[PDB]
Each structure stands twice: as C-alpha cells, then as structure tokens.
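Just one chain is shown here, as structure tokens, and it is the form deposited in one PDB entry.
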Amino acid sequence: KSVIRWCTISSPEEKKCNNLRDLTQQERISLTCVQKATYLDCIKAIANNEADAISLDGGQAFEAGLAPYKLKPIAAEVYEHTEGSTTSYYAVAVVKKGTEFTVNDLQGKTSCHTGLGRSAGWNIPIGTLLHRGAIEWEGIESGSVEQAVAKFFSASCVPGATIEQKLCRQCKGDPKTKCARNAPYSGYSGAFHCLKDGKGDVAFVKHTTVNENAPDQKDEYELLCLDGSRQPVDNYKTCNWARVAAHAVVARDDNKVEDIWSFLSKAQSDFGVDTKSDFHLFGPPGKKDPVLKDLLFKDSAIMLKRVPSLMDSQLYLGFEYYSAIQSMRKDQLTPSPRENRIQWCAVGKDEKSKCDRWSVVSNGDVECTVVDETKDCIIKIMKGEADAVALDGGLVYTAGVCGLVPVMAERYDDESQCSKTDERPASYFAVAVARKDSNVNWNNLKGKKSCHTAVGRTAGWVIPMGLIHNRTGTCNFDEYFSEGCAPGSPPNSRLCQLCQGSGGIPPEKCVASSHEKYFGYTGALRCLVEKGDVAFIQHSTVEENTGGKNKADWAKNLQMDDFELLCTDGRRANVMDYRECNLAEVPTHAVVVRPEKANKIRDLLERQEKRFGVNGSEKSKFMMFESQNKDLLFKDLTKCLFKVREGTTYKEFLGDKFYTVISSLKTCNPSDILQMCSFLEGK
C-alpha cells in the first residue's frame, strides 16, 4: 500500500513510533519510522522527500515554513480547557513556593528552559524579558540573544544552546550530551525537574507542566505573574505569559497530505484518549521519567484537529507571535520605512491601475498590491503584507471572522456628513429592478432570468437569496431561476449561463472581479438590460447608469422609466420610490484592518481623502471615489469616509438584523478562507 513516513527525534521517540507502526500495518494507509538527530534534520528530510511528517512546537512550525522547507501545518494538537478545549496553550514561569523574588528580581537567578527556540520554553520568556527591558538587547547587532540571556541569569539549562557556555551549566547529564534537545532536562517536564532539583530558581513551561510532573506537590510551587505577583499553579489563566498555537504536524504541500490525515485520523480513534489499547498516541500524562514524556505528541494533547488547506504556518502562529520570533532574528533600528504609507489591496487589472494612479498621486503615501480573488486581500492584511481594503457589507463579515476590524466606512448621503453627530445612521438599500413593458413581478421570478452583482455581496446576493433561504428554508440557490448571472458563482451552472466573461485571451466568465462584464452593481444592471429579466442591486444603480451618467454602447441611451422596482411583495414602483419599495436597508461598505493598525491608516486615510475626496485639494489630479461606473477600490456613490469609533467590532458595524442573515446564510457553504479563520478564531 502506501506507508506514511514519520520522522522522529530520539531513541525513545523512535521506539514509540515503531511500536505504533507494527499496529498500523493492516490499515489502509500504513506507517513507517525515520529517526534523525534534531527536529531540524527531520524538516530537511520531509522536504527532501525522505520523510513525510513530524509534530513541531510553534517556534519550530515557524522554521518548517521558512524556505527552502516551506512545510505546511496539516494537523493541530488539541488541549483540555474549560472554555472549550482548542488548539492552544499557556506559557508560565514556575518557581518554588517560599522563595520571595518577583518576576522583577529574575536577574541574577538561575533558570531552566525546555529547548532553545521553543515557545513556552524560550520564545515567550526571553522575548517578554527583552520586551520588559529586564534583559538588554536591541538587536542581533548588540550581540547574540544567548549572550544576553546568559548575562541576565547566573546559570541556566537551555537544551539546544551552543553559543553561550553558561546556558548549559545547570543541565544534568553527560558532559558531552547534557545540553541536547532530548537531554534529561529538556522539554516541559525536563525543565520542571531542573527547577525541582534546585538547579534553577525558575522553570519556563506550559500551564500543565507542574500537573504532569508533580500533582500532589503543587502547593510547593507558585507561578511568577507578570504584574509582579505570585499565584498558585492553578491560576494560569489569570497568570501566564502568553497563549500559543498548539504543536502541529507539518508536511509537504502535495497530494499526500490528504492521505496522512487518514493515517492520523484512524490512528486517533484506535489509540486516542478514550482508547482501551495498552498503547497510547497521547501520553498519557502524569508523573514519570522525563525521558518518556512528550514522545511524537505531547502527553497533554487529547486530539488532532485537521487544519484547513488554506493554512500556512505564518497564518497559524498569528501576526503577533510570528513577528516576535522575527524580532529576535533581525535587528530593529532599520524599520521606519513601511509603517507610514498604507498598502492598499487592489483586486483585478482595473483596480490595480486605479490604485497605481493613487500610489503616484499620493507620492508614496500609498502603495498597492494586486490580487485576483477579493478574499486574497483579507489574507494579505492578516499577514501584514497588506494594510487595508474596502469591503462590501457581506465580506466585512468574513474579514471580521478573520480578525480584521472596520475602521472607516463610506457614506452615500452627502459629501458633508462624515463628521456628524445625531445624524449617525449610514446605509443604503437593496432593490429588485426590472423593465417597463416587463411582465415580471417579484412573485413571478419562479422561472425568470436574473442578474446578480457577485455572490456573497449585500445587495446582489445576501439580501436577495436571503429572502429565498428564509422563504424556501433551503440552501440550494442555483435552481430558482431558469438562468441568470452572479460572478464568483459555479462556472458550470444556470447562474453563470447568462454571464458574459472577460471577452478575450483566457475566458474569465463568472469571475468575481471587474474582469467579468456583469460583475458589480452596474454590471448586473447591464445583464438586466441585455440578457435577463431581473437585476438585484443598489438603490441608486439605475440612476447611475441612466441620464448620460454612462456612455457605454448600451446605457448610452437608457432612461429610468424603461425600468421599474420590484416591491418586496405585490407591485412595482418608480425607481425613485425605493425608500418605500426595497428588499432591505443595509450596512455601508467599509475599510478593514488589523486592530493594531487602526490608529495609523485611519489617520493616513484622513490625510489622503483630504487631498482626493469629493471636494478635496487635488481632486483634479485624482479622485478616490470615481471609476467609470465600475466601483474601483471604493463605490462611486461614496461622498466621503467616516471614522468608525475606536473599538467597534465587525458585528456591531454590520448591524444585527443584517449580521444575522450572513451568519446562517454563510453556513450553507463556507468559503475556504472562512474555514481557515474560524479555525484560528478559536474553533
């Protein structure tokens, strides 16, 4: 058959691996073992098609993902928690009950660490100490990070250290191997016993370490909280140094992946936590020889959660931790450039081009990053490779789930209403549009041809299809009109039928970008005009494409009488009486960013609109809210942009009535990105 090759890192862990192997043979997918010297050798193997997997610490998933390895975290350990047990843990500083020093007197003491470059055992502590000024270190140019740590503590045990002598002084073992990544005083448990045997005044481990090593003697220990205090070991929640991503199984980004999951999945039930076999995949935990704890998988794991395919290590660790690990590899001083020009995310050719113009006009204050899929933006902002993008009400939801917050929102009422008080509401209306001679009524759509802006957007889909999903109570939307068009929709479906494409080289029909013709508010309007019976859209869409407000081969001659609105139920009405005949009133499009960037781009974007707003300084050179009826970067309807009060969550912005429609609706068939974020934002 096909045997998944698992890499190991110690004789003990090797035995472990094989024992499982024997038992995992008659399985569809089988297992095999490959011992190596260090976790780093195992990474190279897998990368060089010599191995197939291995579970790493967060600090090491970060390396596995770096080039030329670029491994992918396919599965994540799960831990016992009260909130709900997910894929994360806590870093604590454990000391002896009775000693008196506070985290503030750590200087001069001795310490015990799990392994160099590990999360709880070194990254959180050292970085936190470098952060607090306790340890002096400006960058790799002020000296090695070890040299500093060794000048802080008197002696320590850092399994993995090779530069500083003192960092191996407190280690127990053979003079030649007492400072290894598998040495006795290594890992969470080793680091604990190191502290136990007086070799250290502190141990940097995870919230469970003291429990899986000396349960009945917990009262003889305390935690060293950040605020200067000491607290009982069971108070890790109100006294830890951080929360990190659980260890993960990393592998090559290829067809195998899927299969391995099969091995680890079958491997779970048969040898899981509730297992009966004399064999355990996870621990079990508790007192025991440190040399036998955390083999292949930490004894504290209780499951393995499959990781959404869109996930890459950098996404996995989170922007803060990932930047921390960076901090200690590169010098600082430098930076400055970058952090003072918004990196706007453009989607499609038409947008980059408009953005390009904005980049030069802003003389540098704005640089652009083109992507093809509007969701690509979100992921680029999460990683920090991008700072901001204005999303439609429906996508703001996903951006929110992904951790991005709405900081600025467009207003459509009056270019002079973004600095309001009582006049607080900012919104627009969704409407169903049809022809004059047309014999289509909202209750005839049982088989008419329809036009949608893009799948997932407020007016062209969420709201419309929402009214169906709420009615029918069904999730299948493709089979409700004989045919229509809604970008981003199933290339081979009734709904892409009416769609026209790009027009040239590589098709591009039904794509969710300006590239596809019927894409967007006016695109749909077109489709109605030349191909369908109904168009779902904004309340001002009709007026924008009529009245010489557009000179496209079609709209060139359009009047807003050759169109009528479809009133929720019953009749039709003048395209002007939308406040009385609309599908719904919705949340205005918004600029979204990382919570920590809110201060900057909300300020730099104010300086910009000032220069290129509806009535701005240099509107002559460039205007942020104009696009040839194609709503590029911002919706043409935008009169100005208003600041969303600091601390506003996406849910509070989208409004409840609306928020409720996307949540459930989005449950019908979640997008790739939405599974990957939900995985991050806890479960």
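Residue indices: 1-based, along the sequence shown. In this text, the rigid core denotes the largest set of C-alpha atoms whose superposition between the two forms falls within 1.5 Å.
The same protein also exists as the form deposited in another entry; that form is not shown, yet it is the one meant from here on.
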If you fit the rigid core and then compare C-alpha positions between this form and the one not shown, only one of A120, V534, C171, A248 moves by 2 Å or more. Name it.
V534
So that I can tell if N443 moves, could you say whether its C-alpha shifts by at least 2 Å between this form and the one not shown after the core superposition?
yes
Superposing on the rigid core, does the Cα of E258 end up 2 Å or more away between this form and the one not shown?
no
Examine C499 after superposing the rigid core and state whether its CA is displaced by 2 Å or more between this form and the one not shown.
yes
